[PDB]
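Same chain, two forms, each on its own as structure tokens: structure 1, then structure 2.
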Structure 1
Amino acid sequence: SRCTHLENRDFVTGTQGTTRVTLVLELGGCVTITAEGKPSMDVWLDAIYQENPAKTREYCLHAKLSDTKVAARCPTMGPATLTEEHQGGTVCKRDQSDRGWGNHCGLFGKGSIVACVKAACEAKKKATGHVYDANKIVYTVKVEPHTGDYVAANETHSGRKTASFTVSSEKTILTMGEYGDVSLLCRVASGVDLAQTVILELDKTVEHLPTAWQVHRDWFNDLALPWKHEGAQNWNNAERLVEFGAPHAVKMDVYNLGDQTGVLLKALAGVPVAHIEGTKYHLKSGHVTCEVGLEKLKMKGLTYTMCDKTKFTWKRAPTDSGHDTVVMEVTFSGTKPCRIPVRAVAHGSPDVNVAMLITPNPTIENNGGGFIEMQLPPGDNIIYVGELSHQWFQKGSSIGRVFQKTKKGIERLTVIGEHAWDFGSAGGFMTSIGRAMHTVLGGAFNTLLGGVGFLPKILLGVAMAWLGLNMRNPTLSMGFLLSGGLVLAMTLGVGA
């Protein structure tokens, strides 16, 4: 089960009558479906990519300059001008020089000077934007059935199945050998917002930087740099990397403001990283609402014989998974195809089984089996597999587990926002009240304070709440105090 490898895992429970479940699958997340009378499934979003996205602007971070020229004319002899002043690829400044008899002139007064210099990008110093096409993006979802067999993060699982989703694909079925089939739908038009996000590429050859960054469109479209579009020969913005020295009588020096790579990298502080792989451009943060159906599944081996209780020996003894579960691996020397007699009990009360298994109906098979996972109550327990026994102390409390699910909810609602209400095996009427009130009151904060900085949001919220303490009417005082509380509450989670 892939869900044990990752630091991030979730459990969705399908009680009888749950033929379908709605998930918000995420990069850097992973979900288990546990269903009443059906095998447990791993489900996760494994990639979001396009092959060769469309180029937008190229910017230049470091100017190369060459062939500087200057021309000047005496006071009253009319303005100076030069051939390169109307060509491409050239920056020019027109300015007034103080002149007089000492500088070979007829009169004392302000003359005219014009200065010119060619401009280019240094060979590897570009910044390139790329943009996604919703008709060519690929979302990849994977599923792996709880075979009761354990594999490392660096080796293959034979039962792992892939679905690749585009706008051109409907509800798709994955066969799983003896477990039946799983039937799966991905809403590609309802994942990442491809209109507002851009992928930024500097030089992929640099050994000690990430290969791409993800940026917002209305940040990328108004940087103050030289810019271009693909295949054009000349740079196309009023030049910001070149500057002109104060004019002497017959000469004017031209300056280069240097490589901007560092002030770009310092301005990108806080953005998600992305990745590039030969020709594929990958997002590394993102999600899709996806609907998974279960009526076509079966438990394997429900007709098989029981095991010889006496013939079990451990291969990896019980330890804690970090997800509030116990994990183990057994081994058996009898005739192999059979059902493992797993049970667990509260210490001093041998009658009541308390094993809530995460792998329903465990088995041994001719080429595998023997991994088990279970959740047990707090305190002292005995775990059994036939005549093997081991004594376990389960850390935590019932309050601690309710707090953990509470924390994990606020985390997803903070990271994903409005779509976090759609996660679950249910869609009852309260979820419409939740999603509506989130959309309105969160939409107001996004409309009024979108793009405002974290510190000035706090200072504005604190000042508006403080003014709320002494307003001309208590109706205004309470209304402003409550709104100041909301502004700070939205800011102090993720509204930065």
Structure 2
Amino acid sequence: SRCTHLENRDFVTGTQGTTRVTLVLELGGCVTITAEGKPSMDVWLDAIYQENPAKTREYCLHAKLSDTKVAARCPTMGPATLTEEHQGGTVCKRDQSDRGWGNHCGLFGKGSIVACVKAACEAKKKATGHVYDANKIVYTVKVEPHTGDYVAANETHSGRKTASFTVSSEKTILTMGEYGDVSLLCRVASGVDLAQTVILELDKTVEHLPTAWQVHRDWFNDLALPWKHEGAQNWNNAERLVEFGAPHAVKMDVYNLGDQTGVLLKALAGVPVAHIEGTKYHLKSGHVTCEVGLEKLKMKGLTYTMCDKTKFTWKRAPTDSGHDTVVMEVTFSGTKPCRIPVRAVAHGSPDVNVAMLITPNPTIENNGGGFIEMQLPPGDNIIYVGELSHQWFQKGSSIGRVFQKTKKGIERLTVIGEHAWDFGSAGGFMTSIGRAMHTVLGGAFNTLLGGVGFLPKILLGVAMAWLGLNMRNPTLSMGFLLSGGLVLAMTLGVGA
């Protein structure tokens, strides 16, 4: 199970007779779905990508300057003039120099001087924005069954099957081997908002930088650099990287503002990273909402004999997964295809097997098997596999389990926003008021405050609350107290 490899594991379960479950799948997440009398199944989103997305603006990070010229005119000889003021790709300034007999004029006073320089970009110094097309995005959802066997992060599990999704191809059926068939519906609408998201590329060749950043479109439109669209030979606003010295007699200096006078470091701090792999432009932070059908699934080996109880040995003695579960592996010797007689018991009444098996109906097959995952009540238990027996102490308490499940819940809200309500083995009427309140309040907070920094959002919230205390009208006072407290709480919503 690939689900054991990640810290960000999740579990959701189908009740008696429930044939369908709705999931939200995320690039850094993994869901084990279990339902009564169906094989346990792991589902995750492995990629979101497009090939060769459309270029938008190119921006210049380091100007090259060349072929500077100047012209100047004596007092009352009228304004100085150059051919280069009319061309493309030149930056120029027109200014006045003090003149007199000492610099070969006939009168003392102010002359006129004009200075020019060609502007270009250095060989690999461009920031490029690329934008996704909803008609060509590929999502990629993968499924793995609990085959009762174990694999590393760097091993090829034969039970993994893959399904690509795009707007022309929302549904697919996968054959999981002897475990039967599974049905996936992915809406490729919803998910990442491709209208707001730009993929920013600097230079793929650099040894010690990530290949791209996942930048917001309203920020990217405001970069105060020189800029162009693709194919153009001349740069808009090239004066934004050139400054002109104070004029002296018949000469005037031209200066750069310097190498990498642009986007890297302190501007992009906190932006998600993205990755470029040949033609593919992957996001590396994002999601899809997906419905899984559990009708056509089968459980292997319900016809097998149980093991001869004496003939086991441990291959991996019990350990704690970190997900509030116990994992273990057994070796066996004897008649090959068999059920494993697994159970566990507390210091209460001994007839009660307390183990919830996460691997349903575990087996040893001819080639492999004998891994088990299970969940237990808090406190002191003994775990059994035939005549192998091993004491176990389970951490936490019935209250501690709930506080952890609540924190995971709040975190999914703070990451996903309103789509978080679609995660569940149910879709009952209370989900509609949940999404309705989240749609209104989320839209309101985004509309007013979407570009405001963390600190000024807190200052606004404190101002609203303090004005609410100072207001003489009780209706306005209470509205300012409620809205100020909410603005503070949902500003602070960056974690749990």
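Structure 1's sequence is the ruler for residue numbers, which start at 1. Between two forms, the rigid core is the largest collection of C-alphas that superpose within 1.5 Å.
No residue of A317, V273, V402, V263 other than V263 has its CA displaced by 2 Å or more between the two structures when the core is superposed. Comparing the forms between the two structures on their rigid core, the Cα displacement of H347 reaches 2 Å or more.
Here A238 exhibits a Cα shift of 4.7 Å between the two structures, evaluated on the superposed rigid core.
Shown is the Cα shift of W101 between the two structures after rigid core superposition, which amounts to 2.1 Å. The rigid core superposition between the two structures gives a CA shift for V151 of 0.1 Å.
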